[PDB]
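K.L.:
first portion of the complex, with coordinates as positioned in the assembly:
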Amino acid sequence: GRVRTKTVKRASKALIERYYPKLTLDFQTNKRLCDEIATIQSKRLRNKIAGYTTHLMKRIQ
Amino acid sequence: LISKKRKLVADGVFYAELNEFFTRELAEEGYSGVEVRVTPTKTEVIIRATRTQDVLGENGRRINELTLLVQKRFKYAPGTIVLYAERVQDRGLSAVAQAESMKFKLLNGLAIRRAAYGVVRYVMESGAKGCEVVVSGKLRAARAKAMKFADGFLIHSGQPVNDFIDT
Amino acid sequence: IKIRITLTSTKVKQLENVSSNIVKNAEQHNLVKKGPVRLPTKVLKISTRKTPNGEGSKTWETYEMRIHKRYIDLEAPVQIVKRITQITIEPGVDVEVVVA
Amino acid sequence: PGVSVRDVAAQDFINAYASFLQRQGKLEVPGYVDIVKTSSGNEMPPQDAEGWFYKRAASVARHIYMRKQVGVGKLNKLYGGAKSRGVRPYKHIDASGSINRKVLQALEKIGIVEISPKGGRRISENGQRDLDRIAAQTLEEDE
Amino acid sequence: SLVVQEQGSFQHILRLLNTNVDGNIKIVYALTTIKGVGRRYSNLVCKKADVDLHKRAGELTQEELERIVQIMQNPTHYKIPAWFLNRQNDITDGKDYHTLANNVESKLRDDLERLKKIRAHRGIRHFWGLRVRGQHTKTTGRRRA
């Protein structure tokens, strides 16, 4: 299953909480921006955090 | 002489033999651990303990005796191995020190409840994020039951438990 | 004189900076040399039963250990075996100086 | 053109070199050709009876051409095979060392394989030219 | 084409070394019926006798069967390896022998009786009927009585 863990769910909502324009409507452009913003020790974890964030970026539109 | 695979297997056995000898001999000195640093000709074995004054002891005869003791066991040559004595840092976050300390308290006759909860309070007041001690055996009766004293949170699975938790 | 610096250890990070320090001392002055040769890692594996007794479902284990071997090839006269011989040794990794 | 031993199929060349070894038997004929089993794994002697020695010599010489140095143990390992050890499962068993030794020495007598440095044997300078001449023949026989 | 006809010299059955040798099969394998002759020994006997291996037992000229027969009863005289015989270094004399159809079974009883009379371990276990090579018998060798 692709059910996201609460760790990536809560962090992604917190990212959009203070960073509306930073997370662009595309995945690749803001995927590295999430790394520059939050201290993430796993490349896999930040990949999924940006994926949910980008998907949330699309839904809010 | 000795292949690299056998050489590194031997030095780990050398570490295992040296660590257990120090644990059995300097148990009352609050021994924590050892670092075996090897360098050509001379080698240094740094000893970590709380009572470093007693570790060297009486002008340093005991530490010289310990140097002479591992001398004949490991078949070295005069002046090839030197024993050091470094004071242990963050003594409240060393499970080896607390395990030995609990053993002496139990051997003396101190109450198990007071000692077990006393040591765990000392641990987290030193700056830890969690501790847990288990005492099992014949307590208060013949049938053996285990007691668990804990506070805080302790992760149990994954890489980080080996990376972080010392048992 | 064909000085070769052989390094074996079990910790990759500690062996890496020793080679980095050796190679950084090499690229200083002139010291035309050969870089780190990456030998395949020797992975020991002893498989043992978890059960100390004979009772229990068959559950085996594998205690492995990786050895990383890299050698550094130098080429210069005595004016660097007064200098390279100053060992930059960290705990773990070891050095064996071999000439020719 | 540029044909050689590598420009030919295995079966045709070995038979062709066996053909150009039986017509004039210059090489040798050992006294125990009809009693060997070629290995301790094989259960029966070869059914070729009359030949099978120049057939092995043809295969050995062709094997020498593509390589540089081999040994009698190397030939034993190559020419061996699985052995049916009764109810026990099969196991790899080396060939008969004396047979490959006699073939290898026989190839030395004619002048097709000689000893090489770093140990082992090697194709001969006269050996290379005649073996290549065989390839130029077997292709044109079918043509 | 390697096709030849038959005139009537084919005999459907043979009798060599006082035993039945059935025809219709190749000579190398039709001689395996003799008690004491196997695939390798029959191949060796036929090879030195020059009997055209690809020949049926029935389609064999009588002058070649005697040559085969004489090799059976005296192999060592016809350049046969000393290591190609079943009875090597006989306990009675020491000369390399080769037991035949009736000799194979009879000589077998003599050596067991020699083993039995001397009261050796192999002799007594042979009389008992158990294994004599040291096999386990707890779970094997049941349907024997």
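P.N.:
On my side now, so go ahead. Numbers count the residues shown, from 1 in each chain, chains lettered A, B, ... in the order given.

K.L.:
which SSE is the most centrally placed residue in chain B in?
P.N.:
With distances taken as CA atoms, centre = their mean, the residue of chain B nearest its centroid is residue B:32 (3.1 Å). Here residue B:32 sits within strand B:31-37, counting by DSSP states H and E.

K.L.:
how about that strand against chain C, any contact?
P.N.:
Yes: legend: contact between strand B:31-37 and chain C by CB under 8 Å from any CB of the partner chain is shown at B:35-37. (Each C-beta comes from the backbone N, C-alpha and C, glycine too.)

K.L.:
by neighbour count, which of these wins?
P.N.:
Within the residues of strand B:31-37 next to chain C, most neighbours by other CB atoms under 10 Å in any protein chain shown means residue B:36, with 17 neighbours.

K.L.:
so that one touches residue B:17, yeah?
P.N.:
No: contact criterion CB atoms under 8 Å: residue B:36 and residue B:17 do not qualify, at 10.5 Å.

K.L.:
residue A:51 - how many residues pack around it?
P.N.:
17.

K.L.:
where do the helices of chain D begin and end?
P.N.:
D:10-22, D:53-66, D:72-79, D:97-110, D:125-142 (DSSP state H).

K.L.:
add chain F to what we have:
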Amino acid sequence: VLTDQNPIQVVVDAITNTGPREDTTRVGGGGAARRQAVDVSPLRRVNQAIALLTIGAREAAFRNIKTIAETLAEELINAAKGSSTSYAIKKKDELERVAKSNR
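P.N.:
So that you can see how it sits with the rest, here is chain F on the chains above:
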């Protein structure tokens, strides 16, 4: 060589002529046994057709002088023209008749 048409055509018409169209299923539910007929999907028809042809030739080649090559050829040719001697055709008759009886 025998039955001179395109062999690929012979293969495809054979499997379409030996694929069962009706089959029975377990419905025992609760009470010893009991069958019940159902239908066969086109994919299962091809799978059953191939399986029947392979097992029939394999069994007919068991302890027999005829090699598997001619046994496969005879089985496919006979099933291609819908003759009763085929093992696969006879098996298709059994399954269809069983399903028809338990309809």
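
K.L.:
sorry, back to before: paired strands for the strand holding residue B:32, with orientation please.
P.N.:
Here strand B:31-37 is paired, per DSSP bridges, with strand B:43-49 (antiparallel).

K.L.:
and the helices in chain A?
P.N.:
Going by DSSP H, chain A shows helices at A:6-18, A:27-37, A:43-60.

K.L.:
just send those back as TSV, with distance to residue E:46 too.
P.N.:
Formatted as TSV, the helices of chain A follow (distance: least, CB to CB, whole Å):
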stretch	distance to residue E:46
helix A:6-18	83
helix A:27-37	82
helix A:43-60	75
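
K.L.:
three-state assignment of the residue of chain C found nearest chain E?
P.N.:
Residue of chain C nearest chain E, by CB to the nearest CB: residue C:54 (21.6 Å). Of the three states, residue C:54 takes coil under DSSP: H, G, I helix; E, B strand; the rest coil.

K.L.:
skip the chain neighbours and tell me the closest residue to residue B:15.
P.N.:
Nearest non-adjacent residue to residue B:15, counting by CB to CB, 6 or more residues apart in numbering or on different chains: residue B:36, 5.1 Å away.

K.L.:
the following sequence is to be added as chain G:
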Amino acid sequence: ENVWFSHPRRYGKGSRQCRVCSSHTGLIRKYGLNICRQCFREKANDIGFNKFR
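P.N.:
Below is chain G, added to the chains above:
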């Protein structure tokens, strides 16, 4: 005396013992460890033997 230990233990299990407890039966002679398996598990992470897979 000369009969106390005259038996030649140099080619079997009786010629080898653990360096920790001198225990017989199962031992680990691989890479010249000469340690029996069950205490090898206890002191596995002292010689550098870890478990990743």
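
K.L.:
what about the residue nearest to the centre of chain B, distance to chain G?
P.N.:
Applying CB to the nearest CB, to the nearest Å, the value for residue B:32 to chain G is 15 Å.

K.L.:
that residue against residue B:48, yeah?
P.N.:
Yes: with contact defined as CB under 8 Å, residue B:32 and residue B:48 form a contacting pair (4.2 Å).

K.L.:
please enumerate the shared neighbours of these two.
P.N.:
Taking CB atoms under 8 Å, 6 or more residues apart in numbering or on different chains as the contact rule, residue B:32 and residue B:48 both touch residue B:88.

K.L.:
which residues touch residue A:21?
P.N.:
If you count contacts by CB under 8 Å, 6+ apart, then residue A:21 has nothing around it.

K.L.:
circling back: ok, and what's touching the strand holding residue B:32?
P.N.:
B:11, B:14-15, B:18-19, B:22-23, B:43-50, B:88, B:91, B:94, B:96-97, B:100, C:89, C:91.

K.L.:
just the buried members of these?
P.N.:
Buried members of the contacts of strand B:31-37, counted by 16 or more other CB atoms under 10 Å in any protein chain shown: B:11, B:14-15, B:18-19, B:22, B:45, B:47-50, B:88, B:91, B:94, B:96-97, B:100, C:89.
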